[PDB]
Each structure stands twice: as structure tokens, then as C-alpha cells.
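Here the structure comes first, spelled out in C-alpha cells, and everything after it is commentary.
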Amino acid sequence: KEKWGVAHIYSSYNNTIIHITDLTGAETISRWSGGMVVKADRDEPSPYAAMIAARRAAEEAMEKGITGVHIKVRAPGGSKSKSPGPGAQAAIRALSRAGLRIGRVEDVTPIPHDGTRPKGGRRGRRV
RNA sequence: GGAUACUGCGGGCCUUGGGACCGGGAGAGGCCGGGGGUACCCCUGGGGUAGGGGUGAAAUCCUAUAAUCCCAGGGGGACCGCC
């Protein structure tokens with residue numbers, strides 16, 4: 001029989017997390033970060049690191065018996081940035097190549113109807 | 001002593017300036033009461049294993065008394081995105 005899961009991707013300017021669950025999101029299957037596959041902190045969001053972690057997670061999922069997968073991609077959002085990083089697309093293509101079938105794709109970046117104050121300081125960062 | 005255009009004083013008239021009223025509409029004008037929208041933070045439960053965050057690069061910091069991440073619930077305070 002064909003079973004479907006869900007891949008949550010959390011992408012940032014500093015790391016990428018790929019997490020595969022069942023359709024309910026209450027049972028976890030695999031979880032891999034860009035910091036498990038490199039040793040430089042400045043490479044955690046490299047799309048190659050993302051590809052590698054995606055491959056590991058996909059192979060573990062297949063071993064567990066997962067065939068299809070829906071996708072929810074996310075940036076931190078809220079008061080932080082609303083734009084994903086560059087590892088998300090890499091991870092998606094890597095999941096496709098690993099051998100899983102892909103279903104729906106959606107963005108779930110949480111966005112403020114009007115909310116809290118960000119960290120700048122009325123003048124932002126000045127480096 | 002004389003004159004009466006202008007100004008002042010006294011008395012009548014006018015509607016052009018201003019004010020009052022009727023009508024159908026506009027608008028984030030103000031105050032009061034009620035109902036909501038996402039997001040964020042804390043707590044409690046379930047899943048899961050080793051890093052998460054952060055930078056020009058890093059480290060102080062959180063983490064094995066189980067973090068980041070995913071799910072189900074409870075509470076609280078500010079704000080009202082796109083249009």
C-alpha cells in the first residue's frame with residue numbers, strides 16, 4: 001500500500017531543518033539539520049548541505065515505509081524575516097530525486113495582521 | 001460769517017458680506033459600550049534525538065533535569081497587516 005507523509009522545511013539565513021512526519025504531524029519519522037552534516041557554521045544553509053540532509057531524511061523515511069510526501073516550506077516569520085533562504089528549493093529537488101513522490105506544496109510562513117515590535121531600535125542595525 | 005463732497009453724530013431703507021434654517025449625500029473628526037483577527041510569549045501533555053541560536057568570522061547564551069522542530073489543549077498582554 002502507498003503511504004504519504006509531510007515534509008516541514010524551516011529555512012533561514014543561518015540554517016535549514018527538514019522534518020518528515022505522518023499526515024497528522026503527531027508522529028515523527030526523521031529529522032535532520034544542516035549542522036549535522038558540516039563543521040563550519042557558515043555553511044549550514046548552503047544548498048548542498050540542504051541536499052545532503054534531505055537525502056538522509058528521505059532514505060530514512062523510505063526505510064520506514066514512506067512513499068509519497070506533501071510539502072510545507074516555512075521561514076521564521078512573525079517579527080523576523082518573511083523570505084525563505086536558499087536551501088529550501090535544494091531540499092525539495094533532493095527529496096524528489098531520492099525516490100519519493102511529491103504531492104501538494106505550500107508556504108506556511110506565519111504573517112502578523114498587526115503585531116509585536118522588532119529588534120532594530122528605530123534605526124536598525126548600523127554594522 | 002459762509003459752504004456741505006468726505007469723516008463723525010442722529011433717524012429711516014437695502015441685500016451683495018456674515019449668520020440661522022430645510023433637503024439628499026461624503027468622510028481613519030471625537031467619546032461610550034459589545035464582538036473578533038492573526039501573530040508572539042509562558043505552561044501542561046503526546047512524538048523524537050543531538051545539537052540550536054547568532055555573526056564579516058565567532059563566542060557569551062538555551063540544551064541530555066531531553067532543547068531547537070511537529071501535534072492537541074489552556075492562559076495572558078499589546079497591535080489591527082494586504083486592500
Practice task
Hand me the chymotrypsin sites (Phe, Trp or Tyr not before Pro) from segment A:1-66 located in a DSSP loop with no more than 16 other Cβ atoms within 10 Å, in residue order please.
Solution key: A:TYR13
Practice task
Of the DSSP beta bridges with both residues in chain A, give the percent that are antiparallel, rounding to the nearest 5.
Solution key: 50 percent
Completion exercise
If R0 = 22 Å, then A:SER96 and A:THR67, at their Cβ-Cβ distance, give a FRET efficiency to the nearest 0.05 of 0.95
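Identify the trypsin sites (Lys or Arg not before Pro) of segment A:10-54 meeting these criteria: DSSP loop state and at most 12 other C-beta atoms within 10 Å of the C-beta.
Here the trypsin sites (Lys or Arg not before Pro) that fit, given the DSSP loop and packing criteria, are A:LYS39.
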Problem - Partner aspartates and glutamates for A:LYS72 [C-alpha distance under 15 Å; skip if fewer than 8 residues away on the same chain] - result: A:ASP22, A:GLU106, A:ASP107
Problem - Computed helical MRE - 222 nm, chain A, DSSP H runs ≥ 4 contributing -39500 (n - 2.57), nearest 500 - result: -7500 deg cm²/dmol
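Suppose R0 equals 30 Å. What FRET efficiency, 1/(1 + (r/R0)^6) with r the Cβ-Cβ distance, do A:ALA40 and A:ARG123 give to the nearest 0.05? Each step should come with its number before you reach the end.
Details: r = 32 Å, r/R0 = 1.06.
Once rounded, the FRET efficiency stands at 0.40.
For neighbour counting, all protein chains shown are included, and Cβ atoms are generated from backbone atoms with ideal geometry for every residue, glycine included. Throughout, read-outs are computed from the coordinates displayed, never taken from laboratory work.
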